[PDB]
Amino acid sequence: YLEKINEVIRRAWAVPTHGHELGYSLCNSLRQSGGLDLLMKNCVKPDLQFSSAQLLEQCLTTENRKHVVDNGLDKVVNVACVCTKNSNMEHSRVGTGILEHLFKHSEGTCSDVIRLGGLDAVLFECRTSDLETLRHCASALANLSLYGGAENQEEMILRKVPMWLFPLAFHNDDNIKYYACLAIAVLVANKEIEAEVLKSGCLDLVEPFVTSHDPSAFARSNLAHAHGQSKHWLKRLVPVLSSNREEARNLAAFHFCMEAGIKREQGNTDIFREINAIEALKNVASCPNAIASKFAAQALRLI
């Protein structure tokens, strides 16, 4: 009864504050009951492919990503690429969503997804005008930047990912712009990419953005990120709090300020201690940079 399960999970994620726990508990139930394995078996049957992919896309949570990686990554990447090739916009959104989440597991899994065509599929879809698809693409590239590690940055350089990112950063949609800028803020730690970023001028988009958006309202602006990111994702963003580039530090501080507000309402403020962001934030709350300092201080107060 996929149509009914997909509706339940969609409604669960959408509950403000509680949707994080509700979606996680349902998606974990799917794994423990054997339903996740059934979806992976069915996603290679042409008749059951899109319905299976539609539910997979909504349940690629932390532990389920591990399960897919261990049991059938090649099948899931294939279905996602099939979906991006389909003409229906509903399909394109699903395929790009799957790939966005498969880039949030590990360096090695990013390498496998790239090997199987996942990055090529995302870059191809960057040509679309569909906002939801483009939002998935920008998020996928931010995730790949955060999780790919050094090996995969060389592969991003060869495929000219920075080039695909800069147009997304100048997009007028705030969610596309934000996640494109987050990817860029992460990648400037790579000195070869840094040169291209400085020439682009995209980093100049940060100061107008963070001073014009209230972190709390921005969180509520898109259902997909209303509950924030996982501690494993935030752990990987912590180093940007001490980036070489002032603009990147500013964006990371804004992000942590937003996450602090969200995690306060969930009772998960302890994750910041676990990922050693408290000390990284305390340092920024004392530095001369007034923009980043204010955001980090508000984050600590929210924590």
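Residues carry their position along the shown sequence, with the first being 1.
J.: Going by the average Cα B-factor in the PDB entry, point out whether 290 to 298 or 18 to 26 comes out higher.
T.: Higher mean C-alpha B-factor: 290 to 298.
J.: Mean CA temperature factor from the deposited coordinates, higher in 134 to 142 or in 68 to 76?
T.: Looking at the record's C-alpha B-factors, the answer is 68 to 76.
J.: Out of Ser111, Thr96, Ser230, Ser216, which residue has the highest Cα temperature factor in the PDB record?
T.: The record points to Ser216.
J.: Which one of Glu259, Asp37, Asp270, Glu57 shows the biggest C-alpha B-factor in the PDB entry?
T.: Largest recorded C-alpha B-factor: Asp270.
J.: Should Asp174 be placed in the lowest, middle or highest third of its chain by the C-alpha B factor in the entry?
T.: Middle third.
J.: Ranking every modelled residue in this chain by its Cα temperature factor as given in the entry, which third contains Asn250?
T.: Answer is middle: the recorded C-alpha B-factor places it there.
J.: Taking the C-alpha B-factors as the PDB entry records them, is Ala53 in the lowest, middle or highest third of its chain?
T.: Bottom third by C-alpha B-factor.
J.: How does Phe103 rank on Cα B-factor within its chain, lowest, middle or highest third?
T.: Lowest third, going by the recorded CA B-factors of the chain.
J.: Rank-wise, by C-alpha B-factor, drop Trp164 into the lowest, middle or highest third of its chain.
T.: Answer is highest: the recorded C-alpha B-factor places it there.
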